[PDB]
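Residue numbers (the deposited numbering): 635 to 761.
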């Protein structure tokens, strides 16, 4: 995804905030909308400068400075739709995993069959 490359060597453990994401799920169908004009004049968001972009995944939050992002993350909880929403940073991590192939076998049996006959008999009766 989108992001910026910073000197991870300087503090990889710290994982400095650069961009935040506001998840949506229990918001409901109301999450599909987000009027920008109303959003600008809404719940916490006006407290600090923040780039708000509507997305089907939620609301993108980009801050001009790391400090603003950190203050918003640490003390910028928001309540939207009468629901407290936390600040989730956009970080990615590559994990190493392996999925060995597996095979399964099943027992099979012969269905059998009927051999042909070159002769046949029948009972003759008339009533």
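The C-beta atom is built at its ideal place from N, Cα and C for all residues, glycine as well.
Burial state of residue i (16 or more Cβ within 10 Å)
i, result
"residue 710", "buried"
"residue 658", "buried"
"residue 753", "exposed"
"residue 644", "exposed"
"residue 719", "buried"
Pick from the options that is closest to residue i, judged by C-alpha positions
i, options, result
"residue 665", "707, 692, 701", "692"
"residue 599", "744, 721, 668", "Any question about residue 599 goes unanswered here, given that the chain covers just 635 to 761."
"residue 714", "736, 729, 676", "676"
Residue i - containing alpha helix (DSSP H), residue span
i, result
"residue 651", "Where residue 651 is concerned, there is no enclosing alpha helix (DSSP H), given that its DSSP letter is neither H nor E."
"residue 673", "670-674"
"residue 644", "642-645"
"residue 706", "700-709"
8 Å CB neighbourhood of residue i in its chain, flanking five on each side removed
i, result
"residue 705", "682"
Close-in-space but distant-in-sequence residues of the same chain around residue i (CB under 7 Å, 5 per side omitted)
i, result
"residue 651", "700, 703, 704, 707, 723"
"residue 698", "683"
"residue 712", "677, 678, 679, 719"
Sequence-distant residues of its chain with Cβ nearer than 6 Å to residue i (five each side left out)
i, result
"residue 763", "The chain is shown from 635 up to 761; residue 763 falls before or after that span and cannot be answered."
"residue 756", "none"
"residue 687", "694"
Opening and closing residue of the beta strand (DSSP E) in which residue i lies
i, result
"residue 635", "Neither: residue 635 is in no beta strand (DSSP E) and is coded neither H nor E."
"residue 696", "692-696"
"residue 687", "685-689"
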